[PDB]
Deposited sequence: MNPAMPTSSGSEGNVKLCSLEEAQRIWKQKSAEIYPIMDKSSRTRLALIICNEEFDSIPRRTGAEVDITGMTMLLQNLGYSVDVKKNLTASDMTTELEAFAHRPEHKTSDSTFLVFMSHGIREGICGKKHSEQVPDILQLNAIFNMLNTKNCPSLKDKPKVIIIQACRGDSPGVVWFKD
């Protein structure tokens, strides 16, 4: 996939970006930055997401280059995903961290993310509202006042996203 190599901030460029309107960064040598990648490729009732390994490669390479230790979880149900997010939220490493990234890749509907067992008959959905709740100040006090970046690669229904004009 992608190398995920980033243009680095110089010492001068970093010092130029100085203010009380920026999130603080912790010490490089001691901070314990974490990122989670949940990628559903193989599914029970819906088609296989061929090419999802190129996405995992690129995101993992980029997140590491940005200073995050990356955890990759594959082919999970909405319940498995909820338990995984609960565990991630309570990791002691967030206390000595300044931020987090959560990357979700799967099929989806308007309501939310598809689990491996999703079908029109029996739904397996992880709602976005649930992700925010599991990572909020109450459920994740270690990430209080720290930016929480969520990335969702998923359909949000089956419409083409267009209107036709003459």
Quiz item: Wait, which stretches of the deposited chain are just not there in the structure?
Solution: 1-9, 28-30, 179
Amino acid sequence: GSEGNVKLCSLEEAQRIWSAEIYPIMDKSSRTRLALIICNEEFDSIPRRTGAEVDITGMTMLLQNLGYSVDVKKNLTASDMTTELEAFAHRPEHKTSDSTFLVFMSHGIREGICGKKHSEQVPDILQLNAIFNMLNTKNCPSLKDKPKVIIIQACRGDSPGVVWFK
From here on, numbers count along this sequence of modelled residues.
Self-check item: Segment of higher mean CA temperature factor, 39-47 or 130-138
Solution: 39-47
Quiz item: Which has higher Cα B-factors on average according to the PDB entry: 20-28 or 143-151?
Solution: 20-28
Practice problem: Using the B-factor values recorded in the entry, state whether the Cα atom of residue 123 falls in the lowest, middle or highest third among the modelled residues of its chain. | Solution: highest
Quiz item: Should residue 113 be placed in the lowest, middle or highest third of its chain by the C-alpha B factor in the entry?
Solution: middle
Exercise. Rank-wise, by C-alpha B-factor, drop residue 63 into the lowest, middle or highest third of its chain.
Key: lowest
Quiz item: Lowest, middle or highest third: where is residue 105 by C-alpha B factor in its chain?
Solution: middle
Exercise. Could you tell me which third, lowest, middle or highest, the C-alpha B-factor of residue 55 occupies within its chain?
Key: middle
